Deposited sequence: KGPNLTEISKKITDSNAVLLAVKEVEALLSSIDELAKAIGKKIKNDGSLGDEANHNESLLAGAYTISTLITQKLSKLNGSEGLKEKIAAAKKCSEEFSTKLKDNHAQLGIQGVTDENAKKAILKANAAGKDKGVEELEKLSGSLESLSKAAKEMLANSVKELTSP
């Protein structure tokens, strides 16, 4: 019955595609994490310019709201999607709820790392909500990975 299944594979991939776009947006916050207190050098490495991180986290925030806006535009995965959409709302929330240390002239490095740097030894100002958001997008990626693998398996199962 290749008629039905043709659609089913498109639909499932469409979701997996949408999910990876959000998993990649989030990974860009991990690259932003490598940029706290850094400028560009001629050789292409990163050199230190300490404790000016206001617009770095501003863009980190900007991305974290794109993530929510992307999740919203998403069968069967309702629970794992809404659980992820709630996670990204509490990442934006915790960032915006910390302006007094993330929203000033000369945002320091220390409180910058506390917001977008995973495994930061000192999670206080948003990282925990980001780590929890990374795990939440894994369970959803795997769910939509398996969801599409199931529609391909329908091809061959007698």
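- The deposited chain is incompletely modelled, with C-alpha atoms absent over 1-3, 78-80, 129.
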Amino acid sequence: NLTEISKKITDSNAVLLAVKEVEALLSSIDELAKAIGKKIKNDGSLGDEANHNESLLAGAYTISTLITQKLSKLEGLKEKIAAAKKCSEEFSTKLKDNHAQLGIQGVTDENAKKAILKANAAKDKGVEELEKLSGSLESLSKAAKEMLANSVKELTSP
From here on, numbers count along this sequence of modelled residues.
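- Look at the C-alpha B-factors of 5-13 and of 130-138. On average they run higher in 130-138.
- The question of which stretch, 27-35 or 95-103, has the higher mean Cα B factor is settled in favour of 95-103.
- For the set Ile63, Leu56, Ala121, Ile116, the PDB entry puts the maximum C-alpha B factor at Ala121.
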